[PDB]
There are 2 protein chains.
Amino acid sequence: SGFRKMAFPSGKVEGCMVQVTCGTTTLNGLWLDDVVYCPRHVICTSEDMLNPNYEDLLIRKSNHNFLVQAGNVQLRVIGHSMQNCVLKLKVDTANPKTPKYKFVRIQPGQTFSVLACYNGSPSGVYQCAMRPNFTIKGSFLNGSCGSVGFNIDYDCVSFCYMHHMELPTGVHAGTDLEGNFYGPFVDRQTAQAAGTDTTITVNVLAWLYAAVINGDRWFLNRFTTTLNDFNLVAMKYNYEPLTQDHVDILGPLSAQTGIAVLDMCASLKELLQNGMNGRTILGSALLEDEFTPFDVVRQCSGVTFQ
Amino acid sequence: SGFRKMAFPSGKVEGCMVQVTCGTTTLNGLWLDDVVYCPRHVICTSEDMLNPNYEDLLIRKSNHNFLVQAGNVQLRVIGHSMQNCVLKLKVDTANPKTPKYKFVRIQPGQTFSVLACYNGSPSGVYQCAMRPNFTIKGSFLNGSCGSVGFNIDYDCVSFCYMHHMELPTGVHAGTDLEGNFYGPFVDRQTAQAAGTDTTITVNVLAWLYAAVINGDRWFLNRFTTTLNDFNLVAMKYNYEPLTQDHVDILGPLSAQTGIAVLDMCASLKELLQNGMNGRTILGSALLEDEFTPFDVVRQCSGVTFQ
Ligand SMILES: *CC(=O)N(CCC(N)=O)NC(=O)[C@H](CC(C)C)NC(=O)OCc1ccccc1
Ligand SMILES: *CC(=O)N(CCC(N)=O)NC(=O)[C@H](CC(C)C)NC(=O)OCc1ccccc1
């Protein structure tokens, strides 16, 4: 019992983290097989980072301009290439600690684990989600660029995120591991706004299901609602619409608890219109939307990874 | 910027987790050097678990009754011993991945990271606190017993918690790595109650400082307060008293933000009396008390560990 923002265990990723240095710019990189992936703005100077031309800065570079270093043992660069916003640095030695891995692009509403790193060394691990506006609400200081986000599937690390920048509201933007940004953001220091964010409805229902599996029931009601009449309330409250696919993913949670998905929508509806009245749900005074149905099942059935 | 429940990277502890089996009881253990640490109730049978006589049960056991396995290789047990509620299984092989470590007893209010494990395999990592009533609000299913909590200091792991049991309210109890429970709980399945919990005042103030460092200022005011008049209010709201050692530890955070500790106390005082009016602080509609001053500094200056 209990429920927490649980991250995947981070050991497999820790063994991949390295430090990439170009000029006076130092960020974190990811070393898989004989490639180190990092953000391309490592080749920028603090006076190039306004309107850089990356192809143009890169062609003026040699393999020996990249000090890549794993712990204390450094790494000889023997090739380099740009893939969108990511640099791929071929080094002369394959990472022994390389896990079974893959690169994937996730959608808004999915969650993943972040290993925040500084100078190639892990600092901490936390969970979060791809917001519907393709920001993530992370915790990132200067030099965290190059930190990755990931999910674990038994033995297989699925890298989905690399960190590039903070936005002015204080949220974060980045790319997948093929270098394409999530959202309309670019790797320069200019005026970019996050865009309007919405609450991930399917996740809020799943966390209401986690509440019931853990004994919280004060928010249930006899009430039901149609899918259409619920979406009417949800749009009023800036919640993303609920589709039949969402209803279907919540099946297992509906059947484990005996509470029909549309009944739980009637509960969510009544919580939006009334608030909470000082009650909490799973130690929160807010409706949480950064738990997927998968997260809930995992943290309510004991799914491990090795 | 940003602020989240950040856990220590868990790789050093993952390399230590193993499966211990006695009879049909399987739980997790900690293999450090040639010793495997687990909860002693592994030697119980599901009919022993009401009023066990642990030493009586342990003298009826041989080394070969203990199936200890690290991945697929098993470890031969070549000695056994009881240290309070922890069983010490001496194995014929020293763990190669044994990090620098130590065993520490933590105080209420301090935090640590939990690596929830099942059958020796890490499932997830999360941050929490020793409540003032010596419970922890974990996320723990059947078979999570033997999971450890820890802090990291540069290279050294500090083991402070081994998981033993869930209480009826759904919170969790356990021991340090020398086997002594935190709190008045015993490793048997009888009527045990958590006791009344208080809020960790010093941590709430540290999280208020985290909010200021991250741009949340709305709850500040011109008011100030004496230490005594603040305590008069916090005790009314079931908050733990504020001492000068608390004031002292919040020194750096005070100085870095420019806000005296007693000014921030006055701000907390008003938050207790008025609530939040739907406002939020660091994404939370509650006053958060599972962040110590050290946690805030770490996350707000990017301390790393290697
Ligand atoms: C490289 C790095 O660590 N970044 C992460 C910064 C934070 N706080 O998340 N990214 C940048 O420093 C980035 C460099 C550009 C893309 C060449 N710039 C950026 O994010 O702009 C705003 C900013 C920068 C640093 C700290 C706060 C905000
Ligand atoms: C080791 C283990 O699996 N336990 C953790 C169980 C949870 N959910 O924390 N501990 C026990 O099963 C424990 C065994 C006793 C101490 C010999 N019993 C216990 O915690 O009592 C209530 C309970 C048991 C299992 C699941 C929920 C609650």
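Chain A is the first sequence line, chain B the second, and so forth, proteins listed ahead of strands; every chain is numbered from 1.
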Self-check item: CA sep, side-chain torsions, deciding dist, call: A:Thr111, A:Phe294, side chain to side chain contact (heavy atoms under 4.5 Å, CB included)
Solution: CA-CA 9 Å; A:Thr111 67; A:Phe294 175 94; over 6 Å; no
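- Of all the heavy atoms in A:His164 and A:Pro39, the pair that sits closest is CE1-CB, 3.4 Å.
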Self-check item: Audit row: A:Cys44, A:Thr25, side chain to side chain contact (heavy atoms under 4.5 Å, CB included) steps and yes/no
Solution: CA-CA 7 Å; A:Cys44 287; A:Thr25 306; 5.7 Å; no
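- To the nearest 0.5 Å, atoms CG (A:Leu75) and CH2 (A:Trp31) are separated by 4.5 Å.
- With hydrogens and angles disregarded, no donor-acceptor distance shorter than 3.5 Å links the side chain of B:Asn28 to the backbone of B:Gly146.
- Between B:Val125 and A:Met6, the closest side-chain pair of non-hydrogen atoms is not below 4.5 Å.
- In terms of heavy-atom proximity, A:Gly170 sits nearest to A:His172 at O-CE1, 3.6 Å.
- Counting only heavy atoms from C-beta outward, the side chains of B:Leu287 and B:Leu268 approach each other to under 4.5 Å.
- The shortest distance between side-chain heavy atoms of A:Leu27 and A:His41 falls below 4.5 Å.
- When every heavy atom of A:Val104 is checked against every heavy atom of A:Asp176, the shortest pair comes out as O-CB, 4.1 Å.
- With a 4.5 Å cut-off on side-chain heavy atoms, A:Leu115 and A:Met17 count as touching.
- From A:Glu288, atom CD reaches atom CG of A:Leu282 across 9.0 Å, with rounding to the nearest 0.5 Å.
- Closest approach of B:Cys160 to B:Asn151, counting heavy atoms only: SG-OD1, 4.4 Å.
- With contacts defined as side-chain heavy-atom distances shorter than 4.5 Å, the pair B:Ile259/B:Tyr209 qualifies.
- Within a 6.0 Å sphere centred on CD of B:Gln244, other residues, nucleotides and ligands contribute more than 12 heavy atoms.
- Within the 3.5 Å criterion, the main-chain N or O of B:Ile200 finds a donor-acceptor partner in the side chain of B:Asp289.
- Under the 3.5 Å distance criterion, with hydrogens and angles disregarded, no donor-acceptor pair is assigned to the side chains of B:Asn95 and B:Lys97.
- B:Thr292 and B:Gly109 make their closest contact through CG2-O, 3.3 Å (heavy atoms, listed as atom of the first residue, atom of the second, distance).
- Proximity of a side-chain donor or acceptor of A:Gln306 to a complementary backbone N or O of B:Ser121 within less than 3.5 Å is not detected.
- A cation-pi arrangement is present between B:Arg298 and B:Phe8, with the terminal nitrogen or guanidinium carbon under 6.0 Å from the aromatic centre and inside a 45° cone about the axis.
- Without hydrogens or angle criteria, B:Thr98 side chain to B:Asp33 main chain gives a donor-acceptor distance under 3.5 Å.
- In this structure, B:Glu270 contributes its side chain and B:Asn221 its backbone to no donor-acceptor pair below 3.5 Å.
- B:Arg4 places a side-chain N or O within donor-acceptor distance of the main-chain N or O of A:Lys137, the cut-off being under 3.5 Å.
- Aromatic rings from A:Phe159 and A:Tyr37 are positioned such that their centres are separated by 6.0 Å or more.
- Annotation: side chain of A:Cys38 is not in contact with side chain of A:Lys88 (no heavy-atom distance under 4.5 Å).
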Quiz item: Run the side chain to side chain contact (heavy atoms under 4.5 Å, CB included) check on A:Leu32 and A:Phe103 step by step: do they pass?
Solution: CA-CA 11 Å; A:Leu32 299 172; A:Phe103 298 159; 3.6 Å; yes
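- Ring pair B:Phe140/B:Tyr161 is parallel by interplanar angle, where below 30° counts as parallel and above 60° as perpendicular.
- Side-chain contact check for A:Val171 versus A:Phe134: every heavy-atom pair is 4.5 Å or farther apart.
- A cation-pi arrangement is found for B:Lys5 relative to B:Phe291, the charged atom lying closer than 6.0 Å to the ring centre and inside a 45° cone about the ring normal.
- The backbone N or O of B:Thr201 sits nowhere less than 3.5 Å from a side-chain atom of B:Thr199 that would complete a donor-acceptor pair.
- Between the side chains of B:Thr304 and A:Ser123, not a single donor N or O lies within less than 3.5 Å of an accepting N or O.
- Under a cutoff of 6.0 Å and an axis angle of 45°, B:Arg131 and B:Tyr182 do not form a cation-pi pair.
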Exercise. Let me see the working for A:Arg188 and A:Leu50 under side chain to side chain contact (heavy atoms under 4.5 Å, CB included), right down to the final yes or no.
Key: CA-CA 6 Å; A:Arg188 64 179 86 243; A:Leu50 180 68; over 6 Å; no
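- When atom types are taken as modelled, the side chain of A:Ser144 and the backbone of A:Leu141 share a donor-acceptor pair closer than 3.5 angstrom.
- Between A:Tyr126 atom OH and B:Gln127 atom CD the span is 13.5 Å, to the nearest 0.5 Å.
- Going from atom CE of B:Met130 over to atom CZ of B:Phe112 covers 4.5 Å, rounded to the nearest 0.5 Å.
- Looking at A:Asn119 and A:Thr26, their side chains come closer than 4.5 Å, going by heavy atoms from C-beta outward.
- For the pair B:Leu242 and B:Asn231, the tightest heavy-atom approach, listed with the atom from each and the gap, is N-OD1, 2.6 Å.
- Using modelled atom types and a 3.5 Å distance limit, the side chains of B:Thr224 and B:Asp263 yield a donor-acceptor pair.
- Within the model, atoms CG of A:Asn203 and CD of A:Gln110 stand 9.5 Å from one another, a figure rounded to the nearest 0.5 Å.
- Rounded to the nearest 0.5 angstrom, A:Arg105 CZ and A:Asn180 CG are separated by 5.5 Å.
- A donor-acceptor pair is defined here as one N or O able to donate and one able to accept, closer than 3.5 Å; such a pair exists between the side chain of B:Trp218 and the backbone of B:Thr280.
- A side-chain N or O of B:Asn133 and one of B:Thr135 form a donor-acceptor pair less than 3.5 Å apart.
- Checking side-chain atoms of B:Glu14 against main-chain N and O of A:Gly11 turns up a donor-acceptor pair under 3.5 Å.
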